[PDB]
Amino acid sequence: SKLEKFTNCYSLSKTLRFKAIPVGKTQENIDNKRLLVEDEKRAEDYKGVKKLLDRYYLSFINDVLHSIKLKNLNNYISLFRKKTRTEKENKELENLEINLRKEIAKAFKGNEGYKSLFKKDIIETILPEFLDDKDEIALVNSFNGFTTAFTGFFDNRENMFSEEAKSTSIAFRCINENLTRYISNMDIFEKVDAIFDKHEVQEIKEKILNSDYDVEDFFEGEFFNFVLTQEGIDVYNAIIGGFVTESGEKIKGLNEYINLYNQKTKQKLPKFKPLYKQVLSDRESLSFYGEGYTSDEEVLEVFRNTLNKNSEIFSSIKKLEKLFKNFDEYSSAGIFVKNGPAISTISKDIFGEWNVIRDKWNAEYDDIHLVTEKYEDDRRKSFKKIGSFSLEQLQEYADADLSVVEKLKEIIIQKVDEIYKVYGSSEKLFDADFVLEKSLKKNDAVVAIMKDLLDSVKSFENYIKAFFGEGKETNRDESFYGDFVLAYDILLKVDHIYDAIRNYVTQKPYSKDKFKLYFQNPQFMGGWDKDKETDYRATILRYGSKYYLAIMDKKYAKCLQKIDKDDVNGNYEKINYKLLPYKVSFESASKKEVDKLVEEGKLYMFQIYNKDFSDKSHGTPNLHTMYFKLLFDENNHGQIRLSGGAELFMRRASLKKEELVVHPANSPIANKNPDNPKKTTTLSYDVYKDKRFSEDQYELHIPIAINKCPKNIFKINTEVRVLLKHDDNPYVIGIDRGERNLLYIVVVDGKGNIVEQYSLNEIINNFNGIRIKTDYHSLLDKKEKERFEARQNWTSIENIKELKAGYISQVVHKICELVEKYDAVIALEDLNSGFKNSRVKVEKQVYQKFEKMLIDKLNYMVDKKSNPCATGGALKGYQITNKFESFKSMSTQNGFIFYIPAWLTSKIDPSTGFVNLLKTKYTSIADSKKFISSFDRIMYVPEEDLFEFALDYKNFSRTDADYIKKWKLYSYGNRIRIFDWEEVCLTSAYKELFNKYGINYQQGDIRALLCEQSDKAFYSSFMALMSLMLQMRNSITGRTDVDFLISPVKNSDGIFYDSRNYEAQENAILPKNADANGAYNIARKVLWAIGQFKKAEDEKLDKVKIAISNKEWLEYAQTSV
RNA sequence: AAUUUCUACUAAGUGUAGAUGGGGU
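Residues are labelled from 1 along each chain in written sequence order, independent of how the entry numbers them, and those without coordinates are excluded. Chain labels run from A onward and ligand labels from 1 onward, assigned in the order the entries are written. To obtain the side-chain values, all non-hydrogen atoms of the structure were used and water was disregarded. Residues with missing side-chain atoms are left out of burial classes, side-chain pairs and their counts.

**Observations concerning the pairing of strand β11 (residues 754–758)**
Alright, step 1. One bridge is not enough; two strands pair if DSSP finds at least two bridges between them. Think of it this way: any DSSP run of H or I at least four residues long counts as a helix, any run of E at least two long counts as a strand, and we number them from the N terminus. Pairing between strand β10 (residues 745–748) and β11: 4 bridges, direction antiparallel. The residue of β11 that forms the bridge with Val 747 is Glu 756.
Alright, step 2. Taking the residues that link successive antiparallel strands as the turn, the β10-β11 hairpin has 5 residues, and the phi of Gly 752 there is positive, at about 85°.

In structure tokens, the structure reads:
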């Protein structure tokens, strides 16, 4: 078995969360001794103390830099963009810059206690000394011994600034994007001195700190000399950003001065942009990061009401793009446009089709470099190398009088028009006394209003983002860039406010906020060492079927160890974990004495509880529940062991029993699964909505660690390759999405014969023998019908995403069993390549999550029902996958998950192999005549009313991919022309096309007459009917059941493949539908790969490209069948 | 419409079928 090999490979750890319920008098005892209000108090002061800690971190940035500020290595970064050195703009920049990130590191790094500021010591001594306010000092010392709480904050705020740039460091907005706004400062002032006079420059030169007596380092050109990270970033922005004197004197910086020339006398006045500084407080992450949003009226939206910054800059960007026309006179080339995902949309918006830009550039590439297979990839990579497409360069890839610039201007202006349209519909929410009616999460009208405006602005942001380029260019129009970039900086503010309100409304009715329970002990539950039972003061107890958590406290931290054996009692077995957090002994302790302690105030026993610990629990337990019981089982011999550090938190009541939705006792309870025969239930009791969140839970997040001692450690990919070579029959699960099925699975064997083809739209949940199915596809449809109304409210999309994530969890199970029963490599798609968009099913994001959860599941692949110690069982999960690295590491193979490009796997005939490799779109009469002419022989075969189109695929364009190169295209059978559909019979329509135009089809080879036709519209319909002939997947938009494939070519037995012939059959041998074909050939593209492993050498099975190009495909697809 | 938590549920009557690494910014 191929799967069996992969066990005990790596070692992941996990955290089985659970709940604990205060058994005995624990709750009252905790309350008597106020054992948890200090944990609560600290957790309400976390933020407060974080701010104080950050003040010391900001003084570190200040003082250290203030003194050590000479830009060490590169003089004062004088050679920054001076004259090109060895290698133009290559080493010239790169090296100078990287010595730059160390110029800053050295300053900090080894100072007066880097580790005295970034470890426990700060809040204990250094921070109290830094402060002086009694309240603040006491707050900081109340958060002492308790720095194991600020650990994450420490690391974040320390490792973000080192000898690197980018990321979120000082160098970034310290030497990288800081010097872009700097640089023109201490040399050839020149251009910027248009004004800069006695009433201007001299006035401000006396106002600023007289260390910089004159302006010197302020405007000019070439190199710079001041600020760095800290000297007062505001010092540079005193004239560059403007610093109005408190007295009243209007000091207008130095750039805030140009505006008297930059815009008043009109120009671009050499940039001079406001210096960037440390993100948020100290180089954090987002500068707009804020909290709040806890109540329905917590802030009436910072957007025009409580966020006027945003509203201001939509107008600013709008004016800047309305100045695009005079920026043509300035520097149209200077404005760039990032090549990427936006470039296709840009093409459509400006020119008309999504591929104008691409193809125009590809044509120019052909002029200078030449299509074939490898030439496609040459063009591809080189287009990916381009990162900006100047505006005038895009005008060259134009059409006619189409002005790329002006078309962009118009489209992007109408984008803000959309914003303002919804700003007029949100006036109610923006009015001072907004009458809040039914909450906010229940006020779907308000949700919609919010969403609409928030997303209108968000869309403009993403559209105008591109008008940036790659930043690192040359002739950047400085009348555009600079002014535009300032406004855009703010229009990035919306992102946060959108997220805030979205996440408020999409919020659950309850809350899962917890506070770490230290119980007056910073070292609480941090281990399970037998020898140290009084250090962390915690042990897992066991009352036979129940599981507990004993936690002794301060003045009685060793009580249990004295009074153990209760002999003839129930004995809450103390854990005798003699191994390190498998020696899972369980010392039978006390019962009467354990409970005695709980009632007194000594112990604080809690109960570990999952729904599968009830006596009323009827069926299969959860996997985590299983793992938990298995930690303390005899079977676990070192698989799932303890990791140490149970984080007991405390989730309070977010809801109250009285305001929950009840299903009164003895009243028939309607069942909501359409496929439930036993509709209605009538329960003897009541059932409330979310009763666990209406009470107080004590979340015990027990860390556990799977396979910490791996025996069979090997590289997974190479071992998969070896296994997929020595096998006689490599089955491939083959998973494609699809429109009719959500995740159609076509298991295909080692010869390409369909073994199974079932849509996983229905999950047949098997409980007590009875298999009640759930049409997740129909559920999706009903959820999408809810989405249809109220403009896809935020919650409806969340519900779809969550149902799709719960579906994903369900397909993960099914695929796991499919893989297990067939020993089959999945054949998922490399999602970093091309794009399936037709699928009205699992999307890219959800399939990426699917394959992440397949490689997270495939790390410890476990089916619940299987016996724990058998393969596939709880402690023998298959490690057939890798370990999720990134979403871009999902590109080749991650074990039993070959990511194959999904190119032409669905629109290919599964019987012959024919792929339409020919563009059959009527361009001009001549194009189709050459098309018609390149056919070997077009005859009407009246025998079987057909129109044979013998063709040479070696005599065509972009067709090097093919293999047979000689196909006869008989117009036969029925096509569904989706224009919204018509079922056009091919032969009949062609007979009638030829009858109408006078083309006597009854003339043997009539190709000459077809090319003879002088009517333009003849070929139009001719080429469109030819397109239909070649179209294989044919399905009526909507009606599920007409999913058929139809070949224009006959096979070796003369039959034209029909999917509808096979859809009637249960054991079909060829795809029974369109999406089945897809999964069939995705399991066949992986099949080319498997053949490649038996065609490549064993020791060489590692670099065998599994990347199947379309030329080794369309060969095999046209030759094995 | 019950849940360690999530999704679908009622699924044989206080539950069921799957999945579930979480902890700090």
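**Here's the deal with the UniProt feature "coiled-coil region" (unreviewed entry) in chain A**
Alright, step 1. According to UniProt, the feature "coiled-coil region" (unreviewed entry) maps to residues 76–106 in the numbering used here.
Alright, step 2. Across residues 76–106, the secondary structure splits into 52% helix and 0% strand, with the terminal C-alpha atoms separated by 15 Å. UniProt positions are given in the numbering used here, feature names are shortened, and annotations may be inferred rather than shown by experiment.

**Some points on the side chain of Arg 839**
Alright, step 1. Tracing the backbone through its elements, the reader meets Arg 839 in the loop between α29 (794–822) and α30 (844–857).
Alright, step 2. Identification of polar contacts relies on pairs of N or O atoms within 3.5 Å, with a donor-acceptor requirement for protein atoms, meaning one able to donate a hydrogen and the other able to accept it, and with residues adjacent in sequence counted only if both atoms are side-chain atoms. For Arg 839, the side chain forms a polar contact with the main-chain oxygen of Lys 836, separated by 3.1 Å.
Alright, step 3. Working rule for contacts: check all heavy atoms of both residues, and any pair within 4.5 Å makes them a contact. Setting aside chain neighbours within four positions, we find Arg 839 in contact with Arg 737, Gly 738, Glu 739 and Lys 844.

**Overview of the protein's contact with RNA strand B**
Alright, step 1. Near RNA strand B lie 75 residues; those nearest to it are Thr 15, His 618, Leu 623, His 624 and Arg 651.
Alright, step 2. Backbone atoms, meaning sugar plus phosphate, form 64% of the atoms of RNA strand B positioned within 4 Å of the protein.
Alright, step 3. Between RNA strand B and the protein, one listed contact pairs a phosphate oxygen with a backbone N or O atom of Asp 690 at 3.3 Å. Here a residue counts as near a molecule or strand whenever at least one of its heavy atoms sits within 4 Å of it.

**Looking at the domain arrangement of chain A**
Alright, step 1. An automatic or database domain assignment supplies the residue ranges for each domain. Once the domains are mapped, chain A shows domain 1 (7–19 + 515–705), domain 2 (308–338 + 387–505), domain 3 (733–893) and domain 4 (925–1091).
Alright, step 2. A straight line from the C-alpha centre of domain 3 to that of domain 4 covers 34 Å.
Alright, step 3. A per-residue breakdown of the area domain 3 buries against domain 4 is headed by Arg 740, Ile 754 and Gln 757, which together make up 39% of the total.
Alright, step 4. One speaks of a salt bridge when a side-chain nitrogen belonging to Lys or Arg is within 4 Å of a carboxyl oxygen belonging to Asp or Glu. At the boundary of domain 3 and domain 4, one finds 1 salt bridge.
Alright, step 5. A salt bridge links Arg 1033 to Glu 739, with the shortest nitrogen-to-oxygen separation between them at 3.4 Å. In short, buried area is how much 1.4 Å probe accessible area vanishes from two parts on joining, totalled over both.

**Details of the sheet that holds strand β15 (residues 946–952)**
Backbone hydrogen bonds hold the strands of a sheet together, and the pairing may be parallel or antiparallel.
Alright, step 1. Read from one edge to the other, the open sheet built from 3 strands follows the order β14-β15-β16, with strand pairing classed as antiparallel. A single partner strand is all that each edge strand has here, and the edge strands are β14 (935–941) and β16 (966–968). In this sheet, neighbouring strand axes are inclined to one another by 10° on average, regardless of whether the strands run parallel or antiparallel.
Alright, step 2. Helix axes use the C-alpha atoms of the stretch in contact, all axes being lines fitted to C-alpha atoms, and the angles between their N-to-C directions lie in the range 0 to 180 degrees. Relative to the sheet, helix α31 (residues 925–934) contacts β14 and β15, its axis offset from that of β14 by approximately 80°.
Alright, step 3. Packing of helix α32 (residues 986–997) onto the sheet brings it into contact with β14 and β15, and relative to β15 it is tilted by some 90°.

**Looking at unusual backbone geometry**
Alright, step 1. In the Ramachandran plot, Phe 196 falls in the positive-phi region, its phi being about 55° despite a non-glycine side chain.
Alright, step 2. Structurally, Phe 196 is set in the loop between α9 (172–176) and α10 (201–207).
Alright, step 3. Its identity is not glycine, yet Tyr 1116 carries a phi of approximately 75°, on the positive side.
Alright, step 4. Position of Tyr 1116 relative to the elements: it lies in the segment after α36 (1074–1095).

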